[PDB]
$ cat my_file13.txt   # compact mmCIF, N, CA and C atoms
# COMPACT_ATOMS: atom_id res chain seq x y z
N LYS A 1 103.94 110.50 113.70
CA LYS A 1 102.47 110.32 113.57
C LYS A 1 101.76 111.59 114.04
N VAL A 2 100.73 112.00 113.31
CA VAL A 2 99.95 113.17 113.70
C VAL A 2 98.60 112.61 114.15
N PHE A 3 98.38 112.66 115.45
CA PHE A 3 97.16 112.16 116.07
C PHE A 3 95.94 112.98 115.73
N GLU A 4 94.78 112.31 115.74
CA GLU A 4 93.52 112.99 115.52
C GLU A 4 93.17 113.36 116.95
N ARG A 5 92.46 114.47 117.15
CA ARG A 5 92.07 114.93 118.49
C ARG A 5 91.56 113.84 119.46
N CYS A 6 90.39 113.25 119.19
CA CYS A 6 89.86 112.24 120.10
C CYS A 6 90.70 110.97 120.22
N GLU A 7 91.40 110.60 119.14
CA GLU A 7 92.28 109.43 119.13
C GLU A 7 93.35 109.66 120.21
N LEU A 8 93.92 110.86 120.24
CA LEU A 8 94.92 111.21 121.23
C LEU A 8 94.33 111.24 122.64
N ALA A 9 93.13 111.81 122.77
CA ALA A 9 92.49 111.91 124.08
C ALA A 9 92.35 110.54 124.74
N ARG A 10 91.88 109.55 124.00
CA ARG A 10 91.76 108.21 124.56
C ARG A 10 93.14 107.57 124.79
N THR A 11 94.09 107.86 123.91
CA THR A 11 95.44 107.32 124.05
C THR A 11 96.08 107.82 125.35
N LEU A 12 95.89 109.11 125.65
CA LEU A 12 96.44 109.68 126.87
C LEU A 12 95.72 109.09 128.09
N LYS A 13 94.41 108.92 127.99
CA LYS A 13 93.65 108.35 129.09
C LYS A 13 94.10 106.93 129.43
N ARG A 14 94.31 106.11 128.40
CA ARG A 14 94.76 104.74 128.61
C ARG A 14 96.14 104.71 129.27
N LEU A 15 96.93 105.75 129.01
CA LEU A 15 98.26 105.88 129.56
C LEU A 15 98.30 106.49 130.97
N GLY A 16 97.13 106.73 131.56
CA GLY A 16 97.06 107.25 132.91
C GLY A 16 97.23 108.75 133.12
N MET A 17 96.97 109.54 132.09
CA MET A 17 97.13 110.99 132.16
C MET A 17 95.95 111.80 132.71
N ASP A 18 94.77 111.22 132.74
CA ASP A 18 93.59 111.92 133.22
C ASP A 18 93.66 112.20 134.74
N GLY A 19 94.00 113.44 135.09
CA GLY A 19 94.09 113.82 136.49
C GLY A 19 95.42 113.55 137.12
N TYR A 20 96.42 113.17 136.31
CA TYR A 20 97.75 112.89 136.82
C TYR A 20 98.25 114.14 137.53
N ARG A 21 98.58 114.02 138.82
CA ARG A 21 99.02 115.16 139.65
C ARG A 21 98.03 116.33 139.49
N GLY A 22 96.74 116.01 139.50
CA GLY A 22 95.70 117.01 139.40
C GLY A 22 95.47 117.65 138.05
N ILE A 23 96.16 117.17 137.02
CA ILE A 23 96.00 117.73 135.67
C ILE A 23 94.98 116.97 134.82
N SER A 24 93.90 117.65 134.44
CA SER A 24 92.87 117.03 133.62
C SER A 24 93.37 116.65 132.22
N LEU A 25 92.65 115.72 131.60
CA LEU A 25 92.97 115.28 130.25
C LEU A 25 92.88 116.48 129.27
N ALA A 26 91.89 117.36 129.45
CA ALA A 26 91.72 118.52 128.57
C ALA A 26 92.95 119.43 128.57
N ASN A 27 93.60 119.55 129.73
CA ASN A 27 94.82 120.37 129.86
C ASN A 27 95.97 119.75 129.08
N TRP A 28 96.11 118.44 129.16
CA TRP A 28 97.16 117.76 128.42
C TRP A 28 96.93 117.91 126.92
N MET A 29 95.67 117.84 126.51
CA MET A 29 95.31 117.98 125.10
C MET A 29 95.63 119.40 124.60
N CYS A 30 95.33 120.39 125.42
CA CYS A 30 95.59 121.77 125.05
C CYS A 30 97.11 121.97 124.90
N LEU A 31 97.86 121.34 125.80
CA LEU A 31 99.31 121.40 125.77
C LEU A 31 99.87 120.80 124.47
N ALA A 32 99.54 119.53 124.19
CA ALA A 32 100.01 118.83 122.98
C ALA A 32 99.61 119.58 121.72
N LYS A 33 98.38 120.09 121.72
CA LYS A 33 97.84 120.84 120.59
C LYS A 33 98.71 122.05 120.28
N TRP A 34 98.94 122.90 121.27
CA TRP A 34 99.75 124.09 121.06
C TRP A 34 101.24 123.85 120.93
N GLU A 35 101.74 122.78 121.53
CA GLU A 35 103.17 122.48 121.44
C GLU A 35 103.58 121.90 120.08
N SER A 36 102.79 120.99 119.52
CA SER A 36 103.14 120.32 118.25
C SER A 36 101.99 120.07 117.26
N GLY A 37 100.77 120.46 117.62
CA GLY A 37 99.64 120.18 116.73
C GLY A 37 99.41 118.68 116.71
N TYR A 38 99.74 118.02 117.83
CA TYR A 38 99.58 116.57 118.01
C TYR A 38 100.54 115.76 117.15
N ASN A 39 101.68 116.36 116.80
CA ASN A 39 102.66 115.69 115.94
C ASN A 39 103.82 115.14 116.77
N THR A 40 103.94 113.82 116.81
CA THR A 40 105.01 113.15 117.56
C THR A 40 106.42 113.37 116.97
N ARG A 41 106.49 113.71 115.69
CA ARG A 41 107.78 113.94 115.02
C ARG A 41 108.25 115.40 115.08
N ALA A 42 107.47 116.24 115.74
CA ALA A 42 107.78 117.66 115.87
C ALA A 42 109.09 117.92 116.62
N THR A 43 109.89 118.85 116.10
CA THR A 43 111.16 119.23 116.72
C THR A 43 111.37 120.71 116.50
N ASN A 44 112.04 121.36 117.45
CA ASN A 44 112.34 122.78 117.36
C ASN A 44 113.71 123.05 117.96
N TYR A 45 114.65 123.48 117.12
CA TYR A 45 115.99 123.78 117.61
C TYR A 45 116.01 125.22 118.12
N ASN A 46 116.66 125.40 119.27
CA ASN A 46 116.79 126.69 119.91
C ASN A 46 118.26 127.10 119.74
N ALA A 47 118.52 127.92 118.73
CA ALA A 47 119.89 128.36 118.43
C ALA A 47 120.56 129.15 119.55
N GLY A 48 119.75 129.83 120.36
CA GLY A 48 120.28 130.63 121.45
C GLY A 48 121.01 129.83 122.50
N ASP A 49 120.48 128.65 122.85
CA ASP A 49 121.15 127.84 123.86
C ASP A 49 121.54 126.43 123.41
N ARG A 50 121.40 126.15 122.12
CA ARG A 50 121.78 124.85 121.58
C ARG A 50 121.00 123.62 122.07
N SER A 51 119.74 123.82 122.45
CA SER A 51 118.90 122.72 122.91
C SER A 51 117.87 122.46 121.82
N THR A 52 117.13 121.36 121.95
CA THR A 52 116.10 121.03 120.98
C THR A 52 114.88 120.50 121.74
N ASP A 53 113.69 120.86 121.28
CA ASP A 53 112.42 120.41 121.86
C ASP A 53 111.98 119.22 121.00
N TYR A 54 111.64 118.11 121.65
CA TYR A 54 111.25 116.88 120.97
C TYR A 54 109.83 116.35 121.19
N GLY A 55 109.22 115.89 120.10
CA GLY A 55 107.91 115.26 120.13
C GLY A 55 106.63 116.04 120.33
N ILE A 56 105.58 115.29 120.65
CA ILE A 56 104.24 115.81 120.84
C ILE A 56 104.11 116.85 121.98
N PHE A 57 104.95 116.74 123.01
CA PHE A 57 104.91 117.70 124.11
C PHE A 57 106.07 118.69 124.03
N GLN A 58 106.87 118.58 122.97
CA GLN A 58 108.02 119.46 122.77
C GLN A 58 108.88 119.55 124.02
N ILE A 59 109.37 118.40 124.46
CA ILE A 59 110.21 118.31 125.63
C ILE A 59 111.65 118.66 125.28
N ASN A 60 112.22 119.55 126.08
CA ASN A 60 113.57 120.07 125.88
C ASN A 60 114.77 119.22 126.34
N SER A 61 115.77 119.14 125.47
CA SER A 61 116.99 118.38 125.72
C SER A 61 117.94 118.93 126.79
N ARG A 62 117.77 120.19 127.19
CA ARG A 62 118.63 120.76 128.21
C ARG A 62 118.45 120.10 129.57
N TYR A 63 117.24 119.63 129.85
CA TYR A 63 116.96 119.03 131.15
C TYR A 63 116.32 117.64 131.17
N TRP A 64 115.52 117.32 130.15
CA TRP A 64 114.75 116.08 130.13
C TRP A 64 115.19 114.83 129.39
N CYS A 65 115.84 114.99 128.25
CA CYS A 65 116.29 113.82 127.50
C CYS A 65 117.69 114.05 126.96
N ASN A 66 118.39 112.97 126.64
CA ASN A 66 119.74 113.10 126.11
C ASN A 66 119.84 112.96 124.59
N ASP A 67 120.44 113.96 123.93
CA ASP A 67 120.65 113.89 122.48
C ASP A 67 122.14 113.94 122.13
N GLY A 68 122.96 113.97 123.18
CA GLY A 68 124.40 114.02 123.05
C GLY A 68 125.01 115.32 122.52
N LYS A 69 124.18 116.24 122.04
CA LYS A 69 124.70 117.48 121.47
C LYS A 69 124.28 118.78 122.18
N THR A 70 123.66 118.67 123.35
CA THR A 70 123.26 119.86 124.09
C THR A 70 124.29 120.08 125.19
N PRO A 71 124.99 121.22 125.15
CA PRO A 71 126.03 121.56 126.13
C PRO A 71 125.57 121.52 127.58
N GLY A 72 126.28 120.75 128.40
CA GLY A 72 125.95 120.62 129.82
C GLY A 72 124.50 120.29 130.16
N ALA A 73 123.85 119.53 129.28
CA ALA A 73 122.46 119.15 129.47
C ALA A 73 122.28 118.03 130.49
N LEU A 74 121.05 117.90 130.97
CA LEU A 74 120.71 116.86 131.94
C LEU A 74 119.75 115.93 131.22
N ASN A 75 119.42 114.80 131.83
CA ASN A 75 118.52 113.81 131.22
C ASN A 75 117.65 113.25 132.35
N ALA A 76 116.78 114.11 132.89
CA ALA A 76 115.91 113.74 134.00
C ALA A 76 114.93 112.59 133.73
N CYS A 77 114.44 112.45 132.50
CA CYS A 77 113.54 111.34 132.18
C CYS A 77 114.31 110.06 131.84
N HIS A 78 115.64 110.18 131.84
CA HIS A 78 116.54 109.06 131.54
C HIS A 78 116.15 108.33 130.26
N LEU A 79 116.09 109.09 129.18
CA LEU A 79 115.73 108.58 127.87
C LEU A 79 116.56 109.29 126.81
N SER A 80 116.71 108.62 125.67
CA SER A 80 117.37 109.19 124.52
C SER A 80 116.26 110.09 124.01
N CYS A 81 116.60 111.26 123.47
CA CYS A 81 115.56 112.14 122.95
C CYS A 81 114.83 111.44 121.80
N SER A 82 115.48 110.43 121.21
CA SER A 82 114.90 109.64 120.12
C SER A 82 113.60 109.00 120.59
N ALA A 83 113.53 108.63 121.86
CA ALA A 83 112.34 107.99 122.41
C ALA A 83 111.12 108.89 122.35
N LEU A 84 111.36 110.20 122.26
CA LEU A 84 110.30 111.20 122.19
C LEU A 84 109.87 111.47 120.76
N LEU A 85 110.37 110.68 119.81
CA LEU A 85 110.03 110.84 118.40
C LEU A 85 109.30 109.62 117.84
N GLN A 86 108.89 108.71 118.73
CA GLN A 86 108.17 107.50 118.33
C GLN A 86 106.68 107.78 118.11
N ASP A 87 106.05 107.00 117.24
CA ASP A 87 104.61 107.11 116.98
C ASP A 87 103.88 106.74 118.30
N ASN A 88 104.45 105.75 119.00
CA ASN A 88 103.93 105.31 120.29
C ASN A 88 104.38 106.33 121.33
N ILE A 89 103.41 106.96 121.99
CA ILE A 89 103.71 108.00 122.96
C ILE A 89 103.94 107.58 124.41
N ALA A 90 104.00 106.28 124.68
CA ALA A 90 104.22 105.81 126.05
C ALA A 90 105.45 106.43 126.73
N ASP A 91 106.61 106.43 126.06
CA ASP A 91 107.80 107.02 126.65
C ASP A 91 107.66 108.54 126.83
N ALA A 92 107.01 109.21 125.88
CA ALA A 92 106.80 110.66 125.97
C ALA A 92 105.89 110.99 127.16
N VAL A 93 104.87 110.16 127.35
CA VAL A 93 103.94 110.33 128.46
C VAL A 93 104.66 110.11 129.80
N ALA A 94 105.56 109.12 129.85
CA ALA A 94 106.32 108.86 131.07
C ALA A 94 107.17 110.08 131.40
N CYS A 95 107.80 110.64 130.37
CA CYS A 95 108.62 111.81 130.57
C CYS A 95 107.79 113.03 130.97
N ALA A 96 106.64 113.22 130.34
CA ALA A 96 105.76 114.35 130.67
C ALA A 96 105.33 114.25 132.13
N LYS A 97 105.09 113.03 132.60
CA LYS A 97 104.70 112.82 133.99
C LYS A 97 105.85 113.25 134.89
N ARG A 98 107.08 112.90 134.49
CA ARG A 98 108.27 113.27 135.25
C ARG A 98 108.40 114.81 135.35
N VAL A 99 108.16 115.50 134.24
CA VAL A 99 108.25 116.95 134.22
C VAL A 99 107.31 117.57 135.26
N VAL A 100 106.04 117.16 135.23
CA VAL A 100 105.05 117.72 136.14
C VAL A 100 105.20 117.32 137.60
N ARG A 101 106.01 116.32 137.91
CA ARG A 101 106.21 115.96 139.30
C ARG A 101 107.03 117.05 140.00
N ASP A 102 107.67 117.91 139.21
CA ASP A 102 108.46 119.02 139.73
C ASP A 102 107.51 120.11 140.22
N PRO A 103 108.04 121.12 140.96
CA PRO A 103 107.27 122.25 141.52
C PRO A 103 106.22 122.91 140.62
N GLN A 104 106.64 123.33 139.43
CA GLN A 104 105.75 124.01 138.48
C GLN A 104 104.52 123.24 138.00
N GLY A 105 104.56 121.91 138.06
CA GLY A 105 103.44 121.13 137.57
C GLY A 105 103.32 121.41 136.08
N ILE A 106 102.09 121.49 135.58
CA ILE A 106 101.82 121.73 134.16
C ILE A 106 102.40 123.07 133.67
N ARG A 107 102.64 123.98 134.61
CA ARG A 107 103.20 125.30 134.28
C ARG A 107 104.63 125.25 133.76
N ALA A 108 105.26 124.09 133.82
CA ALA A 108 106.62 123.94 133.32
C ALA A 108 106.71 124.38 131.86
N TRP A 109 105.61 124.18 131.11
CA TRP A 109 105.53 124.56 129.70
C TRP A 109 104.97 125.96 129.55
N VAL A 110 105.79 126.88 129.05
CA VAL A 110 105.32 128.26 128.87
C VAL A 110 104.10 128.34 127.96
N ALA A 111 104.06 127.51 126.92
CA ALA A 111 102.91 127.53 126.01
C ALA A 111 101.61 127.17 126.75
N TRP A 112 101.68 126.33 127.78
CA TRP A 112 100.46 125.99 128.53
C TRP A 112 99.95 127.26 129.22
N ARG A 113 100.85 127.99 129.87
CA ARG A 113 100.45 129.24 130.53
C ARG A 113 99.87 130.23 129.50
N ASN A 114 100.49 130.32 128.33
CA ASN A 114 100.00 131.25 127.31
C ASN A 114 98.65 130.92 126.68
N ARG A 115 98.41 129.64 126.41
CA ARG A 115 97.19 129.26 125.70
C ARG A 115 96.22 128.28 126.35
N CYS A 116 96.50 127.86 127.58
CA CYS A 116 95.62 126.91 128.26
C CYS A 116 95.20 127.35 129.66
N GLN A 117 96.11 128.01 130.37
CA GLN A 117 95.84 128.49 131.72
C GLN A 117 94.69 129.48 131.72
N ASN A 118 93.73 129.26 132.60
CA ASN A 118 92.55 130.12 132.74
C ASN A 118 91.79 130.27 131.43
N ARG A 119 91.80 129.21 130.63
CA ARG A 119 91.09 129.20 129.35
C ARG A 119 90.00 128.13 129.44
N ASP A 120 89.05 128.17 128.52
CA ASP A 120 87.98 127.17 128.47
C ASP A 120 88.54 126.07 127.57
N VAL A 121 89.05 124.99 128.18
CA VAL A 121 89.64 123.88 127.43
C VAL A 121 88.71 122.68 127.23
N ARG A 122 87.44 122.83 127.59
CA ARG A 122 86.45 121.75 127.46
C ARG A 122 86.44 121.20 126.05
N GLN A 123 86.52 122.09 125.08
CA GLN A 123 86.50 121.76 123.65
C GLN A 123 87.49 120.69 123.22
N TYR A 124 88.60 120.56 123.94
CA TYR A 124 89.62 119.59 123.57
C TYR A 124 89.23 118.12 123.76
N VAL A 125 88.32 117.86 124.70
CA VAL A 125 87.92 116.48 124.94
C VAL A 125 86.45 116.19 124.65
N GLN A 126 85.71 117.18 124.18
CA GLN A 126 84.29 116.94 123.94
C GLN A 126 84.05 115.95 122.81
N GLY A 127 83.15 115.01 123.07
CA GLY A 127 82.82 113.99 122.09
C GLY A 127 83.84 112.88 121.93
N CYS A 128 84.85 112.84 122.80
CA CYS A 128 85.89 111.83 122.71
C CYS A 128 85.67 110.56 123.53
N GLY A 129 84.59 110.53 124.31
CA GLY A 129 84.31 109.36 125.12
C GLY A 129 85.26 109.20 126.28
N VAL A 130 85.79 110.31 126.78
CA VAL A 130 86.72 110.25 127.90
C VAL A 130 86.14 110.91 129.14
$ encode --input "my_file13.txt" --output "structure tokens"
Amino acid sequence: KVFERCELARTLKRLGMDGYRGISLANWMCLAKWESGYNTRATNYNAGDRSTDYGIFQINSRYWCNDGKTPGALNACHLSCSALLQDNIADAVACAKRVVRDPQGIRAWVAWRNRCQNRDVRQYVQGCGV
């Protein structure tokens, strides 16, 4: 499913993402936007290390979910990577929360640092009723 901007904003809010570990809803929107264009079916194989990024937040199989084909991978969110490909983002949101509970917080995603950190992200939630 490819979410519409405000549709996603309210969906994330209902899921408890607004201010989760100090991260605003606009930051999460900027992340999802740059990671997958709000596409839950998005995937990216990394030939260099044999891992794959899954879903709307492009979560990596080396540490967060199990796909059975990533060498010596971990599964910190304790989910099949398949769970990160559902139209319903509840499992993806649970996993994203798990990622940010670690030291780096939202910085765990390099794309967030590149296109959201120290940027004006107000535009991502304006007019969404959040």
$ atom_distance --input "my_file13.txt" --atom1 "CA of residue 110 in chain A" --atom2 "CA of residue 13 in chain A"
23.1 Å
$ select_by_dssp --input "my_file13.txt" --residues "range 12-128 of chain A" --states "strand (DSSP E or B)" --output "list in words"
residues 20, 23, 39, 43, 44, 45, 46, 51, 52, 53, 54, 59, 60, 66 and 80 of chain A
$ residues_around --input "my_file13.txt" --residues "residue 63 in chain A" --least-positions-apart "3" --cutoff "9 Å" --atoms "only C-alpha atoms" --output "PyMOL selection string"
chain A and resi 59-60+66+73-77
$ atom_distance --input "my_file13.txt" --atom1 "CA of residue 121 in chain A" --atom2 "atom N of residue 65 in chain A"
27.7 Å
$ residues_around --input "my_file13.txt" --residues "range 81-93 of chain A" --least-positions-apart "6" --cutoff "8 Å" --atoms "all atoms listed in the file" --output "ChimeraX atom specification"
/A:1-2,11-12,15,17,39-42,54-57,59-61,64-68,99
$ closest_residue --input "my_file13.txt" --among "A:94, A:79, A:47, A:34" --to "residue 116 in chain A" --atoms "only C-alpha atoms"
A:34
$ closest_residue --input "my_file13.txt" --among "A:23, A:100, A:8, A:95" --to "residue 130 in chain A" --atoms "only C-alpha atoms"
A:8
$ atom_distance --input "my_file13.txt" --atom1 "atom C of residue 108 in chain A" --atom2 "atom C of residue 125 in chain A"
23.0 Å
$ axis_aligned_box --input "my_file13.txt" --around "range 67-84 of chain A" --padding-each-side "4 Å" --output "AutoDock Vina command-line options"
--center_x 118.1 --center_y 114.8 --center_z 127.1 --size_x 24.4 --size_y 21.6 --size_z 21.9
$ select_by_dssp --input "my_file13.txt" --residues "range 15-126 of chain A" --states "alpha helix (DSSP H)" --output "short mmCIF file (atom, residue, chain, number, x, y, z; two decimals) with N, CA and C atoms, in the frame of the given file"
data_model
loop_
_atom_site.label_atom_id
_atom_site.label_comp_id
_atom_site.auth_asym_id
_atom_site.auth_seq_id
_atom_site.Cartn_x
_atom_site.Cartn_y
_atom_site.Cartn_z
N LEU A 25 92.65 115.72 131.60
CA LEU A 25 92.97 115.28 130.25
C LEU A 25 92.88 116.48 129.27
N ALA A 26 91.89 117.36 129.45
CA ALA A 26 91.72 118.52 128.57
C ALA A 26 92.95 119.43 128.57
N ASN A 27 93.60 119.55 129.73
CA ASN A 27 94.82 120.37 129.86
C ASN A 27 95.97 119.75 129.08
N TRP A 28 96.11 118.44 129.16
CA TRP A 28 97.16 117.76 128.42
C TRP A 28 96.93 117.91 126.92
N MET A 29 95.67 117.84 126.51
CA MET A 29 95.31 117.98 125.10
C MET A 29 95.63 119.40 124.60
N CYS A 30 95.33 120.39 125.42
CA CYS A 30 95.59 121.77 125.05
C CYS A 30 97.11 121.97 124.90
N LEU A 31 97.86 121.34 125.80
CA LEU A 31 99.31 121.40 125.77
C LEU A 31 99.87 120.80 124.47
N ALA A 32 99.54 119.53 124.19
CA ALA A 32 100.01 118.83 122.98
C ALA A 32 99.61 119.58 121.72
N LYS A 33 98.38 120.09 121.72
CA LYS A 33 97.84 120.84 120.59
C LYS A 33 98.71 122.05 120.28
N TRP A 34 98.94 122.90 121.27
CA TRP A 34 99.75 124.09 121.06
C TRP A 34 101.24 123.85 120.93
N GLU A 35 101.74 122.78 121.53
CA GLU A 35 103.17 122.48 121.44
C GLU A 35 103.58 121.90 120.08
N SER A 36 102.79 120.99 119.52
CA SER A 36 103.14 120.32 118.25
C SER A 36 101.99 120.07 117.26
N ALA A 90 104.00 106.28 124.68
CA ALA A 90 104.22 105.81 126.05
C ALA A 90 105.45 106.43 126.73
N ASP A 91 106.61 106.43 126.06
CA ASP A 91 107.80 107.02 126.65
C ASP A 91 107.66 108.54 126.83
N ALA A 92 107.01 109.21 125.88
CA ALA A 92 106.80 110.66 125.97
C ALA A 92 105.89 110.99 127.16
N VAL A 93 104.87 110.16 127.35
CA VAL A 93 103.94 110.33 128.46
C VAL A 93 104.66 110.11 129.80
N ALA A 94 105.56 109.12 129.85
CA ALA A 94 106.32 108.86 131.07
C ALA A 94 107.17 110.08 131.40
N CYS A 95 107.80 110.64 130.37
CA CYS A 95 108.62 111.81 130.57
C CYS A 95 107.79 113.03 130.97
N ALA A 96 106.64 113.22 130.34
CA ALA A 96 105.76 114.35 130.67
C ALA A 96 105.33 114.25 132.13
N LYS A 97 105.09 113.03 132.60
CA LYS A 97 104.70 112.82 133.99
C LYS A 97 105.85 113.25 134.89
N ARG A 98 107.08 112.90 134.49
CA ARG A 98 108.27 113.27 135.25
C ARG A 98 108.40 114.81 135.35
N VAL A 99 108.16 115.50 134.24
CA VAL A 99 108.25 116.95 134.22
C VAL A 99 107.31 117.57 135.26
N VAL A 100 106.04 117.16 135.23
CA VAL A 100 105.05 117.72 136.14
C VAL A 100 105.20 117.32 137.60
N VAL A 110 105.79 126.88 129.05
CA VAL A 110 105.32 128.26 128.87
C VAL A 110 104.10 128.34 127.96
N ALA A 111 104.06 127.51 126.92
CA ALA A 111 102.91 127.53 126.01
C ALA A 111 101.61 127.17 126.75
N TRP A 112 101.68 126.33 127.78
CA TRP A 112 100.46 125.99 128.53
C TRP A 112 99.95 127.26 129.22
N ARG A 113 100.85 127.99 129.87
CA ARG A 113 100.45 129.24 130.53
C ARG A 113 99.87 130.23 129.50
N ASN A 114 100.49 130.32 128.33
CA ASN A 114 100.00 131.25 127.31
C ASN A 114 98.65 130.92 126.68
N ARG A 115 98.41 129.64 126.41
CA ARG A 115 97.19 129.26 125.70
C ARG A 115 96.22 128.28 126.35
#
$ closest_residue --input "my_file13.txt" --among "A:112, A:29, A:107, A:51" --to "residue 5 in chain A" --atoms "only N, CA and C atoms"
A:29
$ closest_residue --input "my_file13.txt" --among "A:98, A:21, A:33, A:69" --to "residue 3 in chain A" --atoms "only C-alpha atoms"
A:33
$ closest_residue --input "my_file13.txt" --among "A:32, A:26, A:96, A:106" --to "residue 120 in chain A" --atoms "only C-alpha atoms"
A:26
